[PDB]
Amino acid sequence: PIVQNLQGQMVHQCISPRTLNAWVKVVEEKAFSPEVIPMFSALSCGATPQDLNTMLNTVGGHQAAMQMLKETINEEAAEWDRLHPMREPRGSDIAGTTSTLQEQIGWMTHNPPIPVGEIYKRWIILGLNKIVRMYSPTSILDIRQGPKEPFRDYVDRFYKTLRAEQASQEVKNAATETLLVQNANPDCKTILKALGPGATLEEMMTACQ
C-alpha cells in the first residue's frame, strides 16, 4: 500500500501478514456474507492494484466467485478503455495485469494523482456486490417468522437477507412496509396490525417483546 510517512512523504509499504491473514480468515469464516465487502474495503486501505491482486489470489476456495470476479474486472476494464482510449493507464494497467508496481506507485503518487488502486477496488467491489447478491441463500419473500421464533431474530434475518439482496432504498422501504408485517407469526402479526400505520421498527420490536 501507499502510506504517508512521518516526513510527509508518500511511500510504499509491504502488505502485512496481519492483513493477509485477516482477509483469508474473513473469506474462510464469512464466505460471501454482505459484511465481507466492508471488511475487504477496510483491509485494502491505501492498496495498489498489486496488493488487491494479492488479497484476491490468496483466497483458496470459492473459485467460481473468483472467476466471476475476473469476468467483471474484464468488463469494467473494457468500459474504462472505451472511456479513456509518463504513460497513461489502460484497463489492464489499473487491474495490475500489464503494469508494474513502480508504475502503479507513480500514478498513485503523481500530481495530480491517478488513483489506480481506488478504481480497481471499485471494480472489485462491484463484482463482489454481484457475487453476494447471487449467493443469498433465501429470498426476502420466503423470510417468515417461525412459530416459536423471537421477533428480534425474524427481523435480524429479514434485514440480513434484505442487505444481501441489495436493492434501492425505495424497494427496501417498500419491502419493510408490508412484507415485514405480513410474514410475522399470527400473534405478533395481530399485534402489529393492531399498532397502526407508519410504526417504527423500534415500536414493532417493542410490541412483540
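Throughout, rigid core stands for the largest set of C-alpha atoms superposing within 1.5 Å between the two forms. Just count from 1 along the sequence shown to find any residue number.
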property: 60-68 against 144-152 - segment lying farther from this form in 6 other deposited structures of this protein (CA RMS, rigid core fit); result: 144-152
property: Greatest C-alpha divergence in 6 other deposited structures of this protein once each structure is fitted on the rigid core, 21-29 or 191-199; result: 191-199
property: Coordinates absent for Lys172 in a third or more of other entries; result: yes
property: Count class of deposited residues lacking coordinates, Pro85 to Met86; result: 10 or more
property: Greater mean Cα temperature factor according to the PDB record, 150-158 or 63-71; result: 150-158
property: Greater mean Cα temperature factor according to the PDB record, 109-117 or 91-99; result: 109-117
property: Residue selected from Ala194, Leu201, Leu20, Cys14 by maximal Cα B factor; result: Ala194
property: Candidate set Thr58, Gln145, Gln166, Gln50 [ranked by C-alpha B-factor, highest]; result: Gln145
property: Cα B factor band for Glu29 (lowest, middle or highest third within the chain); result: middle
property: Cα B factor band for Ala174 (lowest, middle or highest third within the chain); result: middle
property: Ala184 - which third its CA temperature factor falls in, relative to the rest of the chain; result: highest
